[PDB]
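What follows is a set of notes on a single structure, which appears directly below.
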Amino acid sequence: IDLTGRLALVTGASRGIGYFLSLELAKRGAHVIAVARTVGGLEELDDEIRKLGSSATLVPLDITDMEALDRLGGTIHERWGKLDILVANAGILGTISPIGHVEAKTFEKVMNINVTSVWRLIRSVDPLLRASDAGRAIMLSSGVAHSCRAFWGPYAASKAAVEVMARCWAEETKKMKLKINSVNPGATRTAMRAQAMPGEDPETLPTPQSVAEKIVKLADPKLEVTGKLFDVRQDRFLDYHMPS
Ligand SMILES: [Br-]
Ligand SMILES: [Br-]
Ligand SMILES: [Br-]
Ligand SMILES: [Br-]
């Protein structure tokens, strides 16, 4: 997959999948705009990016700072005039507990970060993605969005909302060059261990690098798929099914 001359925006870039996917994108010639909360974490990512032939644009910001997201879109437009790849990876787990035990502040934060800030980002860079000759949006989700695991309610619901926004966006744009898909990255040996599936061996959970390596396929200008869920563990696109 050749991403030479491509511009990618990765949120939650300073750790976990966001970190490793930034690297996989950079390995393939993309220029990464790396968004995260702290400058230090972005600098650590940048050290690794510089070890490749590459260099990144570091954008520390509060993902809930809704005007900062608007400004980022303006910055990208002025400098490059388009955006080729969006990786919406920013997100928090909240706290595992019965739905009625959840703290209000935690519920509101889960929804504001996991849902509203994703929508804000979409609004900000949708025009830029349309200016690409092959815009690609990659929306990070979780298997619990569909398994509806006990005690994971707010998180599960937030990720279901993200997938539905992505599906609607894909339907609205399906005749365009833009393709939008969600991703279930599965559990990794570090990131999201607790999300391992029944029948998935905790001793052989994938490296985050190997997971990021598969996700980068969704950035391919040759990709024809839109509105689907990419299951990394199964290494294939899944179809959504109506209740019946
Ligand atoms: Br972030
Ligand atoms: Br992660
Ligand atoms: Br917890
Ligand atoms: Br539209």
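Quick note on numbering: the sequence shown equals residues 3 to 246 in PDB author numbering. The beta-carbon is built from N, C-alpha and C at its ideal position, and this holds for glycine as well.
Contact annotation: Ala168 and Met141 have beta-carbon atoms nearer than 8 Å.
With a threshold of 7 Å, the Cβ atom of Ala189 does not count as near ligand 2, since no heavy atom of the ligand is closer than that. For the pair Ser160 and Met113, the CB atoms are nearer than the 8 Å cut-off. For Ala162, same chain residues with a beta-carbon under 7 Å away, outside a window of 5 residues either side, are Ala147 in chain order.
With contact defined as three or more Cβ pairs closer than 8 Å, the region 17-24 and the region 209-221 are in contact. DSSP places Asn91 outside both helix and strand once states are collapsed to three, so it counts as coil.
Shown here for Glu50: same chain residues with a beta carbon closer than 8 Å to its own, the five before and five after excluded, namely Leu25 in chain order.
Residues whose Cβ lies closer than 6 Å to any heavy atom of ligand 1, listed in chain order: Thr13, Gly14, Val37, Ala38, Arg39, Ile65 and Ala92. Under the 10 Å beta carbon count, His103 is surrounded by fewer than 16 other beta carbons and is classified as exposed. Per the coordinates, the alpha-carbon of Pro100 lies some 8 Å from the alpha-carbon of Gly155.
Approximately 6 Å separates the beta-carbon atoms of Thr66 and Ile115; this is inside 8 Å, confirming the contact. Across the set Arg73, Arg138, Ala158 and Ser57, the C-alpha of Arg138 shows the shortest separation from the C-alpha of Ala90. For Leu95, same chain residues with a beta-carbon under 7 Å away, outside a window of 5 residues either side, are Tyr157 in chain order. A distance below 8 Å separates the beta carbons of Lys179 and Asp135. For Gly42 and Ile35, the gap between their C-alpha atoms comes out near 15 Å.
For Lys53, there is no enclosing beta strand (DSSP E); the residue is part of the alpha helix (DSSP H) that begins and ends at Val41 to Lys53.
These are the residues, in chain order, with a beta carbon less than 5 Å from any non-hydrogen atom of ligand 2: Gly18, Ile19 and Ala193.
With respect to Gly75, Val127 sits close: the two C-beta atoms are nearer than 8 Å. Rounded to whole angstroms, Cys150 and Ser144 show a C-alpha spacing of 10 Å. For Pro62 and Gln236, the gap between their C-alpha atoms comes out near 34 Å. If you keep only unbroken alpha helix (DSSP H) runs of at least 4 residues inside the region 134-221, you get 146-149, 155-174 and 210-217.
Annotation: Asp86 to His243 spans about 29 Å, alpha carbon to alpha carbon.
In the DSSP assignment, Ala38 falls within the beta strand (DSSP E) that extends over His33 to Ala38. Shown in chain order are the residues whose CB sits closer than 7 Å to a heavy atom of ligand 4: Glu174 and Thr175.
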